[PDB]
Structure formats: C-alpha cells, structure tokens
C-alpha cells in the first residue's frame, strides 16, 4: 500500500485580454487574494482596459458556479472608479466574509486607502443578475475603525475561522514604513483597528502572506532598507493566538505590541542585503500546523527558490527547491506560491520559471521531508506571479490558478487553470503464475 497525488484532468478559461503596458498589471505576487471560492461560486478580480477605448482602466469581477457543476464565467465592470496608479504596485486584493459580503482594495502606491464592499451578502444570498450596482461606491476609510489610511500600499485580506476578515497593509513607503491590521466583524459590519503590529526603523517589513489555522494567525517577512530591491535582509516569523492583537516568536516568547524591525527575536534565518532575495514571495500553514516560507537567494552559490520549514516543535530547516528542469530565479524574476491539500501531506510549489515563460506545479511530501519535488503539471505561455484559490483546493481538491500569459499586447490573455487532483491509494496484489 502507497499513495500518489495525481492530476486527473486539466482545463483552462480565457477570462479577458491583459492590459497594455511594459509593467505587469495583473497576476502579481502580493495580491491577497485574486481568485476565491465561497460556497458554490468562484470569484476572480483583475484590471481591464475600457472597451471604448484606451485611457480608462476598471476593476472587473468575475463569478462562475463551480458546484455542484462548473458553469460559465460572467463579469461586472466597476466603471465608476478609473485607476489613478497603473504602475507595478497597485494590484487588486479581494476578501469574502462570513456574511457573504465581498470586499475590494486596489489602486495603491503610497496614497490614501481605496476600499469598497457589496451592498449585500451576495456570496451568501446569491443574486442571479451579476451587475456593478451590487457594489457600494469607493471610500477612503474603514467604517468604525481609525487611520492612518495613508500613505497606503499592499492591502492583504485574510478570512478568519468565525466569518470575520482581517485587512493588513503598509503605511509609509519603501525603506521607511509600518504595518497595520484592521478586523471586519461579519456579525456587525464594523471595522476595529488592531493598530501597528510592525514598526519600521528607517526601513519597512514586507510580509509573504497571512495564514490561519485553528485560532492561530501566521506571517513571515523580510526587511527593506531603501527603495532598491537589493536591500532586503532577514527571514522573520511571528504568530498570533488572538487574530493579530498579540504576537509570539518561534520560541513562543511574547513580543512588544509594535514589533520593531530592529528586534531579531523574530529572525529565523540570517540573509544579508544583496543575497538576491525578493520581498512578498510565498508562505503556507499546512493542515498539520507545519509552517512553510517560499523565498529565493544565491547564497548556496546558485540562484534558487528556498523552502523554509518550521516543524511543529519550533525547529527550522532550509532546503533549496531544485526539481529537474526548473531554472532558479534572480531578484527580479516572477515570484511563486505554496499550496497544501486538505490532508496536509502534499505541498505544492507553484513556481514560475524565469527562462521557460511557464509556471510549474511541483509536489513534495511530508513523509520524505518535502525534499521529493516532482513535476505534476505545467501552465504554458505565462509571464505571471501565480495566485490560487486556497478554499476550492481545501474543500473540492481542485488547484485553480489565475495567470497572465507571456507575449505582447493584445495577444496576451488572462486565464484560470483548473487541475483536478486525485489522491490514489495503490494496492499491489501478488497473484498465481503456475500450472
């Protein structure tokens, strides 16, 4: 008896034409999140150019039934708010709370918060007409909470276990910024300020994501000294037992309410500046409470993706991810993600190849200490930082990935790729070959 995680089927949809420009303006590493399943429906958000004709860029939201059968994508366009900042840093983050309300935050680079929410719980009480008037107008504050809401970059949403939704983001800028958390009550529709949880000391933290399991909130970050990406140093870790009010390091030592970038009690690996480690890559809490970080560095003597593992007993390991035919990325190459199956035995590396203009779905196993990376699938013709649907992977065993293609405008499309997983038990029965 042995078990193998397998891809039963592979399908794709082209959900739009990518926006014109030199910069990547869809499918970017720090989007949290872009593709979300809530009950029977999958939701996606991305920027599209206005159909008439080229100046205006709008937030677009798709939904499709994914249960109990997969239906067609349909779209609404939020054509009341044109995007002021179409540079590298302004991508959409989307979240869905336990009252079925859909939250959007977008169009940020050191500007005041941009936020909007559905009038109603449209993911719980599902409307049949999918139109832009489902969403309230854009606001620059969080009702019931307090700023500072400026200068804001990188809205990240994290659904908690009780229907509530965290919103996290940087205030200040590159090489001088603080990180704040706000909590939405699904129960009241009010935000409360959890305040500054990381204080920059003439630098800023860049978090890899927010992960939640059994009452515990996990995060990991590097520290950036200046606006130049070469000036990232350190891989840090902390977790909260009260959804981001109170924080503890890997040794379970409680921390000062604002964590300082200067305090190395949170440091879990020494990575100096100019190690070619990029900010805002990937992390994961697997369903067995093991914590993962995806970064990269050239420290081994080669540029390679690095897997940091925090084994449940507080002990850390670092192991390069070098499966056959994966080109190791440099500082400015597309950033990847880690996903986990419901069982918690199978770890997926969703790793864009820096040369091949494709994204690899690699799998490793807890049994073999996550050192057994196998190529399981490949998304071809991508120039993207892959983003996936953690809810749909957990509750349907389907790995659903938002990608931006490689190539020029207008050939370059936005797509969703669905890899139907099949965990196979193998019985090998010895049988008679005798006369």
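Positions refer to the first chain, counted from 1.
- Looking at 67-75 and 361-369 together, the entry lists the larger mean B-factor for 361-369, computed on C-alpha atoms.
- For the pair 148-156 and 297-305, the record assigns the higher mean C-alpha temperature factor to 297-305.
- The top Cα temperature factor in the record, among 28, 34, 377, 403, falls on 377.
- Across the residues 281, 168, 333, 141, the deposited record lists the maximum Cα B factor for 141.
- In this PDB entry, residue 19 carries a Cα temperature factor that places it within the middle third of its chain's modelled residues.
- Residue 410 sits in the highest third of its chain by CA B factor, as recorded in the PDB entry.
- For residue 233, the recorded CA B-factor ranks within the middle third of the chain. Only modelled residues enter the ranking.
- In the PDB entry, a CA B factor belonging to the highest third of its chain's modelled residues is recorded for residue 55.
- In this PDB entry, the Cα temperature factor of residue 263 sits in the top third of its chain's modelled residues, the highest group.
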